[PDB]
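Okay, so here's the structure we're looking at.
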Amino acid sequence: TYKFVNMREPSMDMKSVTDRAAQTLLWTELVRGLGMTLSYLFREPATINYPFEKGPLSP
Amino acid sequence: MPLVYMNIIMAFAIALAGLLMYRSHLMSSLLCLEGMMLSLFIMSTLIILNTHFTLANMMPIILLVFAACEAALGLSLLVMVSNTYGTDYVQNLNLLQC
Amino acid sequence: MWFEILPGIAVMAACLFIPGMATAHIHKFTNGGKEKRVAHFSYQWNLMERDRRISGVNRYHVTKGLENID
Amino acid sequence: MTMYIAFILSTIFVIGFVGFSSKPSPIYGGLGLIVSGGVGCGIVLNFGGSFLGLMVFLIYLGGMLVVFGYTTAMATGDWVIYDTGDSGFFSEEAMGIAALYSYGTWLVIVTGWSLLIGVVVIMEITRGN
Amino acid sequence: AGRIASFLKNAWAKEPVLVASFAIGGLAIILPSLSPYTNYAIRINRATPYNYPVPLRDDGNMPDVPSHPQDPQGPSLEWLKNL
Amino acid sequence: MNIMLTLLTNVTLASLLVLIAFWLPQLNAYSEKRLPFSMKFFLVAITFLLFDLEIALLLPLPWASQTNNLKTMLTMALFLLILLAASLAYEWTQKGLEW
Amino acid sequence: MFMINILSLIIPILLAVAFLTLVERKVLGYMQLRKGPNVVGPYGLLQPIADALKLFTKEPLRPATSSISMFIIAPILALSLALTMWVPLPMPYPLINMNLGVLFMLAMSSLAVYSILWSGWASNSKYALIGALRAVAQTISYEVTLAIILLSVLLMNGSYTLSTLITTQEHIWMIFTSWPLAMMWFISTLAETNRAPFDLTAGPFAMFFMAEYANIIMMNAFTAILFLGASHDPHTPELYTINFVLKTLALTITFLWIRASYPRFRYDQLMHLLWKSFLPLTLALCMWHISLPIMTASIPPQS
Amino acid sequence: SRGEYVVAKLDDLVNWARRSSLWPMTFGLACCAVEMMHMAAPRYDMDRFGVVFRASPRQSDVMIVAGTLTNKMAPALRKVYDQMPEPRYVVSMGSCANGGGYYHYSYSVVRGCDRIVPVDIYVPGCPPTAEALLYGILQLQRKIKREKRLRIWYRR
Ligand SMILES: CCCCCCCCCCCCCCCCC[C@@H](O)O[C@H](CO[C@H](O)CCCCCCCCCCCCCCC)COP(=O)(O)OCC[N+](C)(C)C
Ligand SMILES: CCCCCCCCCCCCCCCCC[C@@H](O)O[C@H](CO[C@H](O)CCCCCCCCCCCCCCC)COP(=O)(O)OCC[N+](C)(C)C
Ligand SMILES: CCCCCCCC/C=C\CCCCCCCC(=O)O[C@H](COC(=O)CCCCCCC/C=C/CCCCCCCC)COP(=O)(O)OCCN
Ligand SMILES: CCCCCCCC/C=C\CCCCCCCC(=O)O[C@H](COC(=O)CCCCCCC/C=C/CCCCCCCC)COP(=O)(O)OCCN
Ligand code: SF4
């Protein structure tokens, strides 16, 4: 079985075209990326305090 | 006639003479023309401001605009001349002789 | 955590606080405890020159009150 | 009298024009012209022409000499003649300059047409072929 | 009728910036000639005293010219206060 | 005077601090061991120059709005901006803004 | 006491720039699930000092063939212009009260490209020259729209005086009156300072770096003054100073955020962006903002 | 006397400044570079030590050789080393860079990067772990701390 990754056709009604124009002019997806980064700032980092803390190992 | 106007006219005459020398580098010819228009702008502005000719304050800006437009044209021409020879030397334009 | 960025930012804030505030204080100290007089348009400059002459101490900031009208 | 500051400014202007009038190493000539333009702008500003001096310093220096240097990079006494009164609550220079839109309709028309023709002429000349 | 609407719909897609710019420019050209406040702006410019009002020499034949600023005759600025 | 003093101070501080930066590592001893001329870049500069000239023409607008002849000044300002847009459009349609 | 005022304006900006780098590294690190420098000093507070000392004690690599004149002059011009452009700004009171302050800043920003041109041409390399040419072209291209947007916005202020902007925004910010111009202005300021997504390009290198970072801070401060008006009370200017500094810090952190959030443009892509999306919209909105006060009888006073 | 005290204090300040901000340029020659990029990853966060991520050769302080050095690449590495400002250090990361490693007896491999450039720190392993490389970088910091230039100039 196989899937299509980029086989969508954008709608050409007035509402869809207006939505795409609003995206182009007001930079909505750029704001979405900014929001993702902003949210990702307010979470705890993954850094450990070497050499006072050490990475996990195995026997 | 004060000494400042005489100094500006001397500067313009020096720029014109340097334009007329033509050591090389037609780019220097354009530079001399732009120095000439700069001296013109400065002295015209000084004269107009001094006599309080309020409506004449239009004239320097106009001059500047037009002169700069001329410079653009000249630069374009230079490029094409260089585009034929690779250098902007004056002596390369010896094809036409009197 | 994220608040560990706050110290350095605070330093920047302090560095950005110094200029403006300083100017104001200097404008209070050089201009006799008042705002520095702005002079565009050449009429305010005439007002300042008239103030300088009337005081007698050659300073525009000193203000001659009504008490000087006799 | 600050030793006739305008006199020193004019002399430095003349010295700069003499300096690049020998046209040595055209970038050095352009830098001499930059210094000369700065000196002339200082002359105009000290005279009292703030707006016209700033027009010089912006348009001339930042556009025209910048484009000149860019293309080259591609390749290889006083104080006596002045006034007595004041100007009001405005600057006469600004009023006279802004009169271009109310008084100078003809000037605006001819300058705009000339600039449009300049753009067209530049395109045609640089077309090549 | 249909062709114009089709052209505008095709331009609103894949060229929204140009459509917006042309619309804004056309509105800026058209609207001032229809607004009633442009005359108000002209009048406001007229009422801004930049110069000293030089008095007129009286000859007894100017009933419309006041002798004092508090006199009723002369231009008024109550409309500007109402604005 | 004040502007001259400020400019002199800024230039002097920059020059002194550049010189100390350039001379502090020069006191200690160490080892101490073309043509193409693209044509589009010239058109970009020329277009910038022309549009800067038209901006210079547009600059007196803040004072132009108090003239009592508002209709004429509005017409002339709109005319100047229309011709600026026309220059941009002509250079656009003639393939002057391509790479 | 004018010398003291000049020094108290000129030194804190340099300190602010040094600490900005720590903030930029620290802000970016926490945005990437890590930390910034937190070892040199209590919270990385000593990192800028160590960086400065190391850079000042490192050998300078003079090209051994370049024009020493322009090689020295270019950082001088960069620092001089960067420090000069702070003089006109009013926080609340400006160091120098210029009638045409905005025009003066425009002229200085126009000069700013000579340092790039001279650094490229004195580098004695064809590739660095090509890069410098690209940078200069981008800078002039975006300063065109900067100037047009700036005059369109000032059409509601009534003059080129920077202090009057405080009087204009005593009741409402300028961002509400014209946000699209503010959007294009923000993008144009990003593209002017060669900041991501437009970042296509020992001692003198540090000089250029401080010049660029000071220009970044000054651009954010000018944007905050122009579009986010802070209320000024004449009897206590400290409140205005605090508000202005907070807004400037927010805008600088927004630049860092945008750097951390996006990929970068190609050269032709940003050229097309400007010349085919910003210039037409800028001209249309300039026409609109010329005609708007006349339509509404809301012309600003000063003339 | 005070003459030795002042130079000792200035030397300590200079050493602290140099070791508290080490700017490396990294030759990502092979598989060792992948652990290099894990030392810049959020878990270890090289940047928190003052070690900047991917500095330019013109303003770099330490050279990290991470991977096999072939004969075809040695002149380029030597040129890049020669193009560095004087206070420079070289860290040999991994077994291939240390002694040729698992291609030691090869016709096209330099048997150790120290045939080309002098090496300050040798980091063992194939590849050495991110923590191991961090340990090596920290060790280089201590070595820089131990050096003394103003004192030597004073006694000379
Ligand atoms: C009559 C000839 C027509 C055919 C020949 C055309 C020749 C060349 C075209 C240019 C001529 C156009 C006439 C404009 C002359 C300017 C004077 C006239 O227009 O009066 C002005 C009136 O202004 C009008 O608004 C002029 C508007 C017309 C200009 C707009 C478009 C112009 C385009 C013409 C060709 C340009 C290039 C091609 C573009 C397609 C003055 O304003 P006013 O208020 O009374 O007085 C001001 C002085 N105050 C302050 C003391 C009171
Ligand atoms: C105003 C005039 C300026 C003139 C120019 C000077 C520029 C500014 C000078 C100020 C610089 C601050 C220096 C402070 C550095 C000390 C930091 C301290 O924490 O270091 C400790 C002590 O280390 C060193 O011994 C410190 C020596 C630093 C110099 C000491 C005094 C120097 C002052 C002399 C200044 C006079 C200048 C005269 C010429 C103008 C240990 O840190 P370190 O080991 O790394 O990290 C270990 C990491 N662990 C903990 C996680 C394991
Ligand atoms: C009733 C009277 C009203 C009068 C009419 C007014 C109506 C206004 C309607 C339109 C206004 C919108 C204009 C805003 C600017 C739009 C420009 C634009 O859309 O250009 C984009 C380009 O925009 C960008 O790509 C810029 C992205 C740069 C990265 C910056 C990140 C954005 C987020 C940062 C926050 C922004 C903060 C703004 C406020 C700043 C305050 C100072 C188009 O590019 P493409 O989508 O690739 O298509 C072109 C091919 N045909
Ligand atoms: C006299 C009015 C002026 C005032 C308004 C305008 C001011 C500034 C705007 C104009 C600036 C110059 C614009 C230059 C136009 C050039 C167009 C062009 O040639 O580009 C075409 C595309 O242009 C077109 O699409 C043709 C016209 C499209 C529509 C233009 C507007 C027409 C009317 C639309 C709005 C009408 C009024 C608004 C009402 C809308 C409802 C609110 C090709 O695009 P490429 O970039 O080459 O693509 C190649 C890569 N894929
Ligand atoms: S040393 Fe080991 S891990 Fe590193 S490149 Fe060589 S074989 Fe791969």
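Chain naming here is simple, since letters A, B, ... match the order of the sequence lines and numbering starts at 1 in each. Just so you know, ligand 1 is whichever comes first in the structure, and atom 1 is the first atom listed for that ligand.
- Checking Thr193(G) against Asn215(G) by side-chain atom types alone, no donor-acceptor pair falls below 3.5 Å.
- Using a 4.0 Å cut-off between heavy atoms, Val31(A) makes no contact with ligand 3 at all.
- Checking atom 46 (O) of ligand 3 against the protein gives a heavy-atom contact under 4.0 Å.
- Two residues are said to be in side-chain contact when any heavy atoms from C-beta on lie closer than 4.5 Å; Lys14(E) and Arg20(A) fail this criterion.
- Within 4.0 Å of atom 49 (N) of ligand 1, not a single protein heavy atom is present.
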Please lay out, stage by stage, how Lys95(F) and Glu98(F) fare under the test salt bridge (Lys or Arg N to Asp or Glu O under 4.0 Å).
CA-CA 6 Å; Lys95(F) 300 289 94 176; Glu98(F) 294 294 328; 3.5 Å; yes
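- Atom CZ of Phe79(F) has more than 12 heavy atoms from other residues, nucleotides or ligands within 6.0 Å.
- Distance check for atom 29 (C) of ligand 1: a protein heavy atom is found below 4.0 Å.
- Residues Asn71(H) and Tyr107(H) share a closest heavy-atom pair of ND2-O, 3.3 Å.
- Shown in contact with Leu30(A) at under 4.0 Å from a heavy atom are these atoms of ligand 3, numbered in order with element: 27 (C), 32 (C).
- Those atoms of ligand 3 that come under 4.0 Å of a heavy atom in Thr223(G), given as number and element, are 42 (C).
- Distance check on atom 10 (C) of ligand 1: some protein heavy atom falls below the 4.0 Å cut-off.
- When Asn69(F), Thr72(F), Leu74(F), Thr67(F) are checked for heavy-atom proximity to atom 46 (O) of ligand 1, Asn69(F) turns out nearest.
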Got a list of side-chain donor-acceptor pairs under 3.5 Å for residues 184-192 of chain G, not counting sequence neighbours?
unit_1: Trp185(G); atom_1: NE1; unit_2: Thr223(G); atom_2: OG1; d: 2.8
unit_1: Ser188(G); atom_1: OG; unit_2: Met184(G); atom_2: O; d: 2.8
unit_1: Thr189(G); atom_1: OG1; unit_2: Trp185(G); atom_2: O; d: 3.1
unit_1: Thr189(G); atom_1: OG1; unit_2: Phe186(G); atom_2: O; d: 2.6
unit_1: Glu192(G); atom_1: OE2; unit_2: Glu143(G); atom_2: N; d: 3.2

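- Residue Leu26(A) does not touch ligand 3, judged by heavy-atom distances below 4.0 Å.
- Atom CE of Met183(G) is surrounded by more than 12 heavy atoms from other residues, nucleotides or ligands within 6.0 Å.
- Side chains of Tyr122(H) and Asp114(H): a donor-acceptor N/O pair is present below 3.5 angstrom, by distance only.
- Taking only nitrogen or oxygen atoms, main chain and side chain alike, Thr24(A) reaches within less than 3.5 Å of ligand 3.
- There is a protein heavy atom closer than 4.0 angstrom to atom 16 (C) of ligand 1.
- Put simply, the side chain of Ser108(H) does not reach to within 4.5 Å of the side chain of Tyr103(H), judged on heavy atoms.
- Distance check for atom 37 (C) of ligand 3: a protein heavy atom is found below 4.0 Å.
- Counting heavy-atom neighbours within 6.0 Å of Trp113(D) CH2, excluding the residue itself, gives a total of 12 or less.
- Listed by number with element, the atoms of ligand 3 under 4.0 Å from a non-hydrogen atom of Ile258(G) are 34 (C).
- Within a 6.0 Å sphere centred on OH of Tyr50(E), heavy atoms belonging to other residues, nucleotides or ligands number more than 12.
- Taking every non-hydrogen atom of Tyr262(G) and a distance limit under 4.0 Å, the qualifying atoms of ligand 3 come out as 31 (C), 33 (C).
- Around atom 4 (Fe) of ligand 5, the protein N, O or S atoms found under 2.8 Å comprise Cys32(H) SG.
- Atom numbering of ligand 3 starts at 1 in the shown order; those under 4.0 Å from a heavy atom of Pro180(G) are 11 (C), 13 (C).
- Protein heavy atom closest to atom 34 (C) of ligand 1, with residue, atom name and distance, is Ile109(D) CG2, 4.5 Å.
- By the definition of a contact as any protein heavy atom under 4.0 Å away, atom 16 (C) of ligand 3 is in contact.
- Remark: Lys9(E) NZ is packed, more than 12 non-hydrogen atoms of other residues, nucleotides or ligands lying under 6.0 Å away.
- Below 4.0 Å from some heavy atom of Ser102(D) lie the following atoms of ligand 1, by number and element: 47 (C), 48 (C), 50 (C).
- Within 4.0 Å of atom 3 (C) of ligand 1, not a single protein heavy atom is present.
- In this model, a donor atom of one side chain and an acceptor atom of the other lie less than 3.5 Å apart for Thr201(G) and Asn194(G).
- The shell of residues lying under 4.0 angstrom from ligand 3, judged by heavy atoms, excludes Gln269(G).
- For atom 29 (C) of ligand 3, the nearest non-hydrogen atom from the set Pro197(G), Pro16(E), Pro280(G) belongs to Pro197(G).
- The shortest side-chain heavy-atom distance between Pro280(G) and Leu18(E) falls under the 4.5 Å cut-off.
- No side-chain heavy atom of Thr75(F) sits under 4.5 Å from any side-chain heavy atom of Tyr101(D).
- Proximity of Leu285(G) to ligand 3, defined as any heavy-atom pair under 4.0 Å, is not found for any part of the residue.
- The neighbour count for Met73(H) CE, taken as heavy atoms of other residues, nucleotides or ligands under 6.0 Å away, does not exceed 12.
- Distance screen at 4.0 Å: atom 19 (O) of ligand 3 has a protein heavy-atom neighbour inside the cut-off.
- Within the 4.0 Å heavy-atom cutoff, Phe278(G) counts among the residues contacting ligand 3.
- Those atoms of ligand 3 with a heavy atom of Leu34(A) less than 4.0 angstrom away are 33 (C).
- Residue-to-ligand polar distances keep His272(G) apart from ligand 3: every N/O pair is separated by 3.5 Å or more.
- For CZ of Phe53(B), the number of neighbouring non-hydrogen atoms (other residues, nucleotides, ligands) closer than 6.0 Å is 12 at most.
- Within a 6.0 Å sphere centred on CZ of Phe66(B), heavy atoms belonging to other residues, nucleotides or ligands number more than 12.
- Within a 4.0 Å radius of atom 39 (C) of ligand 1, the protein contributes no heavy atom.
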